[PDB]
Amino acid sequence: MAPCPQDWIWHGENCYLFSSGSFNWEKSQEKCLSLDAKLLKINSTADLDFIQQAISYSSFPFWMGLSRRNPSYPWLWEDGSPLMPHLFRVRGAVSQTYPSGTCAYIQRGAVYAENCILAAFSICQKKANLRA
């Protein structure tokens, strides 16, 4: 009965689509919405394993809904939920402050912090339609 749109990957209770263009974290966050969705939010390890597997045959950077203004602020998913501990370790430019803030992206397996103005791909998601 179509749990999800064509061109999307269906997993568990969510669906994923891979960012066509390569823009800053903001445009990436907009585009996910225009498609009635939100940037990737990892809740479990299985989630991480699903994604990594889905981009293992790549080496480009993909944006996720994790970010912050500066180190005095914690890492928060778009919806405001914190980064559940023991999921992965954020690396990269973890000790800085940029006008646009800091945003985490996953690449070749690991997660990295970075200046959100810098363009990159991303992953979007939205609950799977399970109503026949």
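Counting begins at 1, following the sequence as shown. Here the rigid core means the biggest group of C-alpha atoms that line up within 1.5 Å when the two forms are laid on top of each other.
Between 96 to 104 and 47 to 55, larger RMS Cα displacement in 7 other deposited structures of this protein after core fit
It is 96 to 104 that deviates more in 7 other deposited structures of this protein.
Figure out for me whether 24 to 32 or 69 to 77 is the more displaced stretch in 7 other deposited structures of this protein, taking RMS C-alpha distance from the shown form once the rigid core is superposed.
Once the core is superposed, the stretch further away in 7 other deposited structures of this protein is 69 to 77.
Comparing 65 to 73 with 92 to 100, which has the greater mean CA B-factor as deposited?
It is 92 to 100.
Which is higher in the entry, the mean Cα B factor of 33 to 41 or that of 79 to 87?
That would be 79 to 87.
Which third, lowest, middle or highest, does the CA B-factor of residue 56 fall in along this chain?
It falls in the middle third of the chain.
Within this chain's modelled residues, let me know which third the CA B factor of residue 15 belongs to: lowest, middle or highest.
According to the entry, residue 15 has a C-alpha B-factor in the chain's middle third.
Pull the Cα B-factor of residue 9 out of the PDB entry and bin it into the chain's lowest, middle or highest third.
It belongs to the lowest third of the chain when residues are ordered by C-alpha B-factor.
Relative to the other modelled residues of the same chain, rank the CA B-factor of residue 116 and answer lowest, middle or highest third.
It falls in the top third of the chain.
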